[PDB]
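Text of input.tsv, listed as TSV, C-alpha atoms and all ligand atoms:
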```
chain	number	residue	atom	x	y	z
A	3	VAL	CA	-36.75	-9.09	41.65
A	4	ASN	CA	-38.45	-6.08	39.94
A	5	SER	CA	-38.88	-2.26	40.43
A	6	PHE	CA	-42.54	-2.28	41.61
A	7	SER	CA	-42.85	-0.81	45.15
A	8	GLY	CA	-45.59	-0.59	47.82
A	9	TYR	CA	-47.91	-3.28	46.36
A	10	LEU	CA	-50.02	-5.61	48.49
A	11	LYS	CA	-49.61	-9.25	47.35
A	12	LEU	CA	-53.02	-10.88	46.66
A	13	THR	CA	-51.82	-14.19	45.17
A	14	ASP	CA	-48.70	-15.91	43.85
A	15	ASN	CA	-48.83	-13.63	40.76
A	16	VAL	CA	-51.23	-10.70	41.38
A	17	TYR	CA	-50.28	-7.51	43.25
A	18	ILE	CA	-52.37	-4.35	43.89
A	19	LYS	CA	-51.70	-0.72	44.88
A	20	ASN	CA	-53.68	2.55	45.24
A	21	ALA	CA	-51.73	4.43	42.60
A	22	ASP	CA	-52.13	6.72	39.57
A	23	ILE	CA	-51.13	4.39	36.67
A	24	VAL	CA	-49.76	7.41	34.67
A	25	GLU	CA	-47.55	8.29	37.67
A	26	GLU	CA	-46.69	4.63	38.29
A	27	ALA	CA	-45.70	4.10	34.63
A	28	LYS	CA	-43.60	7.30	34.64
A	29	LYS	CA	-41.72	6.06	37.77
A	30	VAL	CA	-41.23	2.34	36.90
A	31	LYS	CA	-40.99	2.46	33.04
A	32	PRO	CA	-42.35	-1.09	32.96
A	33	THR	CA	-41.81	-3.34	29.92
A	34	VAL	CA	-45.66	-3.36	29.48
A	35	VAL	CA	-48.36	-0.93	30.59
A	36	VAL	CA	-51.93	-2.03	29.82
A	37	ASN	CA	-54.41	0.50	28.42
A	38	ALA	CA	-58.17	0.20	28.99
A	39	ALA	CA	-58.82	0.58	25.27
A	40	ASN	CA	-61.93	0.53	23.09
A	41	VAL	CA	-62.10	-1.18	19.68
A	42	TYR	CA	-61.45	2.13	17.84
A	43	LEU	CA	-58.43	3.01	20.05
A	44	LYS	CA	-60.11	6.38	20.69
A	45	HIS	CA	-58.40	7.37	23.94
A	46	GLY	CA	-60.98	9.95	25.15
A	47	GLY	CA	-61.44	9.22	28.89
A	48	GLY	CA	-60.53	7.05	31.90
A	49	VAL	CA	-57.24	5.05	31.77
A	50	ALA	CA	-57.10	5.61	27.95
A	51	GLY	CA	-57.57	9.41	28.09
A	52	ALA	CA	-55.11	9.83	30.97
A	53	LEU	CA	-52.40	7.62	29.39
A	54	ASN	CA	-52.81	9.35	26.03
A	55	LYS	CA	-52.64	12.84	27.64
A	56	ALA	CA	-49.38	11.82	29.38
A	57	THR	CA	-47.90	10.96	25.91
A	58	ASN	CA	-48.84	14.44	24.57
A	59	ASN	CA	-51.30	12.69	22.15
A	60	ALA	CA	-48.54	10.55	20.55
A	61	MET	CA	-50.46	7.41	21.65
A	62	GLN	CA	-53.55	8.66	19.72
A	63	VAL	CA	-51.51	9.50	16.60
A	64	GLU	CA	-49.94	6.01	16.58
A	65	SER	CA	-53.34	4.42	17.29
A	66	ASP	CA	-55.05	6.23	14.40
A	67	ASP	CA	-52.43	4.86	11.99
A	68	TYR	CA	-52.93	1.33	13.49
A	69	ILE	CA	-56.71	1.50	12.92
A	70	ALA	CA	-56.35	2.96	9.42
A	71	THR	CA	-54.20	-0.09	8.51
A	72	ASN	CA	-55.86	-2.92	10.51
A	73	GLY	CA	-59.40	-1.85	11.35
A	74	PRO	CA	-60.95	-2.06	14.81
A	75	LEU	CA	-59.99	-4.52	17.54
A	76	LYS	CA	-62.43	-7.15	18.83
A	77	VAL	CA	-64.08	-6.78	22.26
A	78	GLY	CA	-61.86	-9.11	24.34
A	79	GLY	CA	-58.89	-8.51	22.02
A	80	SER	CA	-55.69	-6.51	22.15
A	81	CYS	CA	-52.77	-5.08	20.23
A	82	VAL	CA	-49.22	-4.19	21.22
A	83	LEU	CA	-48.09	-0.62	20.37
A	84	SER	CA	-45.43	1.70	21.68
A	85	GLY	CA	-45.32	2.67	25.34
A	86	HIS	CA	-44.00	6.11	24.37
A	87	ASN	CA	-42.62	7.89	27.46
A	88	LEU	CA	-44.51	5.59	29.85
A	89	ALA	CA	-43.24	2.03	29.15
A	90	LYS	CA	-41.46	0.01	26.49
A	91	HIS	CA	-44.79	-1.27	25.12
A	92	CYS	CA	-48.48	-0.52	25.64
A	93	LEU	CA	-50.82	-3.50	25.50
A	94	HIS	CA	-54.17	-2.00	24.44
A	95	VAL	CA	-56.82	-4.40	25.80
A	96	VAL	CA	-60.55	-4.09	25.11
A	97	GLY	CA	-62.69	-5.20	28.00
A	98	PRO	CA	-66.47	-5.23	27.51
A	99	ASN	CA	-68.15	-1.87	28.13
A	100	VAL	CA	-71.35	-2.51	30.17
A	101	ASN	CA	-72.53	1.08	29.26
A	102	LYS	CA	-72.62	-0.24	25.56
A	103	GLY	CA	-74.34	-3.56	26.55
A	104	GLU	CA	-71.31	-5.88	25.83
A	105	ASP	CA	-71.16	-9.48	27.19
A	106	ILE	CA	-69.36	-9.49	30.59
A	107	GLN	CA	-68.19	-13.12	29.78
A	108	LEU	CA	-65.79	-11.34	27.38
A	109	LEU	CA	-63.89	-10.02	30.41
A	110	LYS	CA	-62.10	-13.39	30.83
A	111	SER	CA	-61.04	-13.30	27.14
A	112	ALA	CA	-59.74	-9.73	27.69
A	113	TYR	CA	-57.59	-10.78	30.66
A	114	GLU	CA	-56.21	-13.79	28.72
A	115	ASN	CA	-54.19	-11.26	26.64
A	116	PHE	CA	-52.10	-10.55	29.75
A	117	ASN	CA	-50.75	-14.12	29.69
A	118	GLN	CA	-48.66	-13.25	26.59
A	119	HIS	CA	-46.48	-10.96	28.77
A	120	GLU	CA	-44.34	-12.07	31.73
A	121	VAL	CA	-44.86	-8.84	33.76
A	122	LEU	CA	-47.42	-6.02	33.34
A	123	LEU	CA	-48.60	-2.82	35.00
A	124	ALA	CA	-52.40	-2.72	34.48
A	125	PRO	CA	-55.74	-1.26	35.51
A	126	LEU	CA	-58.73	-3.39	36.34
A	127	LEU	CA	-60.36	-4.18	32.98
A	128	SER	CA	-63.92	-3.03	32.40
A	129	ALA	CA	-63.86	-0.93	35.64
A	130	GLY	CA	-64.42	2.82	35.87
A	131	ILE	CA	-66.30	4.27	32.89
A	132	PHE	CA	-66.59	0.76	31.30
A	133	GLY	CA	-69.30	0.07	33.91
A	134	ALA	CA	-68.41	-3.37	35.30
A	135	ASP	CA	-68.17	-4.21	39.02
A	136	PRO	CA	-64.45	-3.79	39.92
A	137	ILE	CA	-64.75	-6.59	42.55
A	138	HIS	CA	-65.78	-8.93	39.73
A	139	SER	CA	-62.98	-7.63	37.50
A	140	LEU	CA	-60.40	-8.41	40.22
A	141	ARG	CA	-61.80	-11.94	40.67
A	142	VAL	CA	-61.60	-12.62	36.90
A	143	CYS	CA	-58.06	-11.21	36.84
A	144	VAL	CA	-56.89	-13.52	39.66
A	145	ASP	CA	-58.61	-16.54	38.10
A	146	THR	CA	-57.35	-15.86	34.53
A	147	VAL	CA	-53.92	-14.17	34.56
A	148	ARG	CA	-51.00	-16.49	35.33
A	149	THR	CA	-48.21	-13.97	34.58
A	150	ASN	CA	-47.14	-11.32	37.06
A	151	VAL	CA	-49.59	-8.43	37.13
A	152	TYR	CA	-49.26	-5.20	39.15
A	153	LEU	CA	-52.69	-3.58	39.37
A	154	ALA	CA	-52.89	0.18	39.86
A	155	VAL	CA	-56.24	1.27	41.42
A	156	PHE	CA	-57.20	4.96	40.77
A	157	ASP	CA	-59.67	5.42	43.72
A	158	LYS	CA	-58.44	5.03	47.38
A	159	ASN	CA	-61.96	4.22	48.52
A	160	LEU	CA	-62.26	1.47	45.86
A	161	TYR	CA	-58.76	0.16	46.61
A	162	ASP	CA	-59.66	-0.35	50.28
A	163	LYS	CA	-62.94	-2.05	49.33
A	164	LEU	CA	-61.14	-4.40	46.82
A	165	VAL	CA	-58.59	-5.45	49.48
A	166	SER	CA	-61.10	-5.83	52.34
A	167	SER	CA	-63.50	-7.94	50.20
A	168	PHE	CA	-60.82	-10.12	48.50
A	169	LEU	CA	-61.29	-13.85	48.99
A	201	LIG	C1	-54.06	11.65	35.98
A	201	LIG	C2	-55.12	10.58	35.80
A	201	LIG	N1	-54.76	9.19	35.97
A	201	LIG	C3	-55.78	8.11	35.80
A	201	LIG	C4	-55.38	6.79	35.99
A	201	LIG	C5	-56.32	5.76	35.83
A	201	LIG	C6	-57.66	6.07	35.49
A	201	LIG	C7	-58.07	7.40	35.31
A	201	LIG	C8	-57.12	8.43	35.46
A	201	LIG	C9	-57.54	9.89	35.28
A	201	LIG	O1	-58.66	10.15	34.99
A	201	LIG	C10	-56.52	10.94	35.45
A	201	LIG	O2	-56.85	12.29	35.29
```

Take the structure in the file and give it back as structure tokens.
Amino acid sequence: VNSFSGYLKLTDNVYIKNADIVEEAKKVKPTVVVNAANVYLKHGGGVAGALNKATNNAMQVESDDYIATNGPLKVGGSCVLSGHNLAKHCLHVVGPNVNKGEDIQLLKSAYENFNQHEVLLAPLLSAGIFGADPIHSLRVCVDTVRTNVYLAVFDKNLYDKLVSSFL
């Protein structure tokens, strides 16, 4: 049993809810919240900007030190950093950004990072300002992630379309 409430069950391991991930993280304090990161961990907008704002910029400060030491992530890659006030850990995952012309086949690689964690609160990778089709992102998630994932969907309209169209 876990703390997650109000989710629709899509599969054995994937759950979905129309919820503000910042507000969901603040309520649940999950072991892992996933950030929709870029390779520079520049948390300017979307999931990244909202999560970072909720940490009072502490996520960005920590991220800048990580990049100064390690250099950029790979598209499809990830790193584990602090969850600050939102979670124990933040898994920063880089999905491909279609608005930069990145290979959508890298979305499966991105979701494979989730399998290193037994339970996660996450957004749909490569959705929103990353430009991918969220219906596609949900299909890749279901077909790739084997651990227990609780997906928070920012738009109510999109949430209802993801549920209604789910095979
Ligand atoms: C408070 C808040 N929460 C979000 C959660 C997921 C994606 C984008 C956002 C956003 O833009 C915003 O302002």

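With all atoms listed in the file as the basis for measurement, A:5 is the residue among A:84, A:139, A:5, A:111 that approaches residue 30 (chain A) most closely.
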
Using all atoms listed in the file, tabulate the residues of chain A lying at most 6 Å from any atom of ligand LIG 201 (chain A), each with its closest atom pair and that distance in Å to one decimal, by chain and increasing residue number, as CSV.
```
residue,atom,partner,partner_atom,distance
A:22,CA,A:LIG201,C4,4.8
A:23,CA,A:LIG201,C4,4.9
A:24,CA,A:LIG201,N1,5.5
A:48,CA,A:LIG201,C7,4.2
A:49,CA,A:LIG201,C6,3.9
A:52,CA,A:LIG201,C10,4.8
A:156,CA,A:LIG201,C5,5.1
```

For residue 113 (chain A), please output as a list in words all residues within 7 Å (counting only C-alpha atoms; exclusion window: fewer than 6 positions along the same chain).
residues 143, 146 and 147 of chain A

Print the selection's residues with C-alpha atoms to a file, as a PDB file, in the frame of the given file.
```pdb
ATOM      1  CA  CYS A 143     -58.060 -11.210  36.840  1.00  0.00           C
ATOM      2  CA  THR A 146     -57.350 -15.860  34.530  1.00  0.00           C
ATOM      3  CA  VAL A 147     -53.920 -14.170  34.560  1.00  0.00           C
TER       4      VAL A 147
END
```

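Computed from the coordinates, the CA of residue 21 (chain A) to CA of residue 155 (chain A) distance equals 5.6 Å.
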
Option closest in space to residue 57 (chain A), from A:28, A:94, A:44, A:119 [counting all atoms listed in the file]
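Ranked by minimum distance to residue 57 (chain A), first place goes to A:28.
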
| field | Distance query residue 98 (chain A) at most 8 Å, all atoms listed in the file, self and fewer than 4 positions along chain excluded, as number ranges by chain | value | A: 77-78, 104-106, 108-109, 128, 132

- Which protein, DNA or RNA residues are at most 12 Å from (-57.7, -10.9, 47.7) in the file's coordinates when you count all atoms listed in the file, listed as a PyMOL selection string? chain A and resi 10-18+137-145+161-169

**Asked** Between A:92, A:153, A:112, A:134, which is the closest to residue 26 (chain A) once you count all atoms listed in the file?
**Response**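 Ranked by minimum distance to residue 26 (chain A), first place goes to A:153.
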
### Message
Ranking A:89, A:133, A:51, A:79 by minimum distance to residue 110 (chain A) and counting all atoms listed in the file, which one comes first?
### Response
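Of A:89, A:133, A:51, A:79, the one nearest residue 110 (chain A), counting all atoms listed in the file, is A:79.
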
For residue 154 (chain A), the closest of A:125, A:103, A:130, A:32 counting only C-alpha atoms is A:125

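In this structure, CA of residue 68 (chain A) sits 14.9 Å away from CA of residue 54 (chain A).
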
By how many Å are CA of residue 6 (chain A) and CA of residue 115 (chain A) apart?
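Going from CA of residue 6 (chain A) over to CA of residue 115 (chain A), I get 21.0 Å.
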
Review point. Between A:56, A:36, A:151, A:27, which has the minimum distance to residue 82 (chain A) (counting only C-alpha atoms)?
Key: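 Distance minimum relative to residue 82 (chain A) lands on A:36.
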
Near residue 40 (chain A), within 8 Å and counting only C-alpha atoms, which residues show up once chain neighbours fewer than 4 positions away are dropped, as a CSV table (one decimal) with C-alpha atoms, keeping the file's coordinate frame?
```
chain,number,residue,atom,x,y,z
A,44,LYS,CA,-60.1,6.4,20.7
A,45,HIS,CA,-58.4,7.4,23.9
A,75,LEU,CA,-60.0,-4.5,17.5
A,77,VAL,CA,-64.1,-6.8,22.3
A,95,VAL,CA,-56.8,-4.4,25.8
A,96,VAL,CA,-60.6,-4.1,25.1
A,97,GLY,CA,-62.7,-5.2,28.0
```
